[PDB]
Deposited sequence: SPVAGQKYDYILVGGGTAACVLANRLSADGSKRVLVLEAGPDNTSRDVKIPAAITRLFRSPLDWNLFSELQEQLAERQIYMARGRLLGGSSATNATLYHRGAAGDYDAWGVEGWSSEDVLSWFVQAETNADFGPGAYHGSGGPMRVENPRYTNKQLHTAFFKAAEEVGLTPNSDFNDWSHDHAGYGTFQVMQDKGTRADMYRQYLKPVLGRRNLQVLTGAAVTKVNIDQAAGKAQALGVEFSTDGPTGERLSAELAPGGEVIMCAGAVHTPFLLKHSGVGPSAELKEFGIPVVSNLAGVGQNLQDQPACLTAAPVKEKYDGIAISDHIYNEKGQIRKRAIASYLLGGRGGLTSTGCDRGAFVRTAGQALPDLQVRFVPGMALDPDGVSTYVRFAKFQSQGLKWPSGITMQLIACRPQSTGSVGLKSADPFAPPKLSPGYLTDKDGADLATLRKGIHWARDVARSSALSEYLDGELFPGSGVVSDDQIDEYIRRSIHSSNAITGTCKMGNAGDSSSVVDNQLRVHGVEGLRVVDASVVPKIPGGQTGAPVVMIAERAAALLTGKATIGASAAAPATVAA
């Protein structure tokens, strides 16, 4: 009805990170008619704009509120897996850390035309950096805004750095400079613009919404891609009125393409609902098989986390980031609001987890462990739960105790999971299994166990033991290797990556879902341009790599670049 009597050159399923980039580049010359379908609303919330309000976005209406299947290897728990639901997608709800990983991550993909030397200029072309000028590893002029964080905790950030040096880590002055090793300690840059969230809606989509050839629908939930076999994508079915709503169809112009941009959870889900998937699974829900692809929904990679936390001594009460945001009765400090509005500075600019380190726990080629230091104390062993608790704590009249947290992440994990269907209803949540700690060697568990040892060694250093008064998590009860393993099974949570569910592959790779041109095997006019295509997860947060893929895909589709 908003699409009745319209042919589109491109239909984007999802209005998230990759989609905002494609919408901008594909609508640019004005010849092409581009439709964007997003299930969630427009990007207008103040909780999106203020980085510290990430605490409020978890388990909110701007999240999909996805829970995994019971994981029997994780003390029979469901895992919450946060995902953004609005224009800008997970770029709008994320912790804003800017990581490319290492050159070696892209070389390890082994896909023709996607080596480190192929992808570097696409990272650089996207970037404007406030704190690095142009050079081999940094661009000036791209739409992304990257900066050094505008909040520093003078005592605790300094102390973490001195402690890391005491246990023998070297400083890394730029985690995105591929001329030096990934390992070491320092400051993560953030996708922020003077302390405001610089998401891909703000940077890519919002500036070009005036365009006549670009149509964006919100509250538009795609139910399947329409594919005919007389196999050719025709367009897309969606509802604007939830599950009971009338199914509408958006149709392609001749030579038009459907681009899947629904992310590493919802893209394989929708492909299965469209008959692109393993025949065994599709037959169980009476879905006609159009392209029998074993790899759709397999190879799910996510970077699991656990943490330590420790209170500061009574004489250091009031020095934590929790003290910079909340007063002793849980009111937001006037000083914090004033610094944010006057100069884009202070605690409201922080997502908390923007200092840390990459570490090799056992002489691996690339670091297996990421550390995120937070100058505030977790009150739950589940860091995402604690961020929720921090949002709900406002105006409750209590004091959040001053301390620190170290989050340990298996950043190059060996375990893989899957996403499938639990029902034939396209409005049902996916069957989601993260598969943490299932790798056959127990490498991921070993990484997190050694991470806890490492965090305890850092907290025992001169530089930090000056501040600290004991340990809250994992605590006195958790000392032996077997006690640590049990704590990890019970507390493990997502560091919120999720890639690889529609893996890109070389010719002859029967486990691949898309080729090196991002075309789905056995369907004409169907591409995937989102986190699902990443073959092997890079070390670090996965937002910047998604934008790099979307930039290169835009260049390919508009004839400006080739791959191979």
{"property": "Deposited residues without C-alpha coordinates, grouped into stretches that follow sequence order", "result": "231-233, 568-578"}
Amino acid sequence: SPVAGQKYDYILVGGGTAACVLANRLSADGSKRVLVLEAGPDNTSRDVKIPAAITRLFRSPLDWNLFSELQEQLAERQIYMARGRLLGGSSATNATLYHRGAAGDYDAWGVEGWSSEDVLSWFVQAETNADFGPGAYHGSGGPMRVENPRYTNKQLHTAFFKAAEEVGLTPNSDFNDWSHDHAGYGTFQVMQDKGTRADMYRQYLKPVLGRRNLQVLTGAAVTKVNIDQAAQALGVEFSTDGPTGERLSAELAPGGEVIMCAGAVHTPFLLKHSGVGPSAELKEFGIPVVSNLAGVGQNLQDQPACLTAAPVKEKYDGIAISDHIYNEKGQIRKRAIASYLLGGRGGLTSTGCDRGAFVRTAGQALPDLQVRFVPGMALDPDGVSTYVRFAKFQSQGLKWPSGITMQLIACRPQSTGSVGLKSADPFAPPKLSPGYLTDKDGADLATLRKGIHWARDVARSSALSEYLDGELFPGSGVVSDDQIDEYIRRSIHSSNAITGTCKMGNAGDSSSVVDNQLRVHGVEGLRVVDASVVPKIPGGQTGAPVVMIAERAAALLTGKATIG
From here on, numbers count along this sequence of modelled residues.
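Note that the rigid core is defined as the largest set of C-alphas that superpose within 1.5 Å between two forms.
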{"property": "Higher-deviation stretch (C-alpha RMS, rigid core fit) in 6 other deposited structures of this protein, choosing from 261-269 and 238-246", "result": "238-246"}
{"property": "Missing coords for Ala230 in a third or more of other PDB entries", "result": "yes"}
{"property": "Between 74-82 and 145-153 (mean CA B-factor, as deposited), the higher", "result": "74-82"}
{"property": "Between 250-258 and 408-416 (mean CA B-factor, as deposited), the higher", "result": "250-258"}
{"property": "Criterion, highest CA B-factor; candidates, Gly101, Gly89, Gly286, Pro474", "result": "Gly286"}
{"property": "C-alpha B-factor winner, where the candidates are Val190, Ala280, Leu307, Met377", "result": "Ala280"}
{"property": "Ranked C-alpha temperature factor of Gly245 among modelled chain residues, by third", "result": "highest"}
{"property": "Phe175 by Cα B-factor - lowest, middle or highest third of the modelled chain", "result": "lowest"}
{"property": "Relative C-alpha B-factor of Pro381, binned into the chain's lowest, middle or highest third", "result": "middle"}
{"property": "Lowest, middle or highest third - CA B-factor, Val225", "result": "highest"}
{"property": "CA B-factor placement of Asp441, once the chain's modelled residues are sorted into thirds", "result": "highest"}
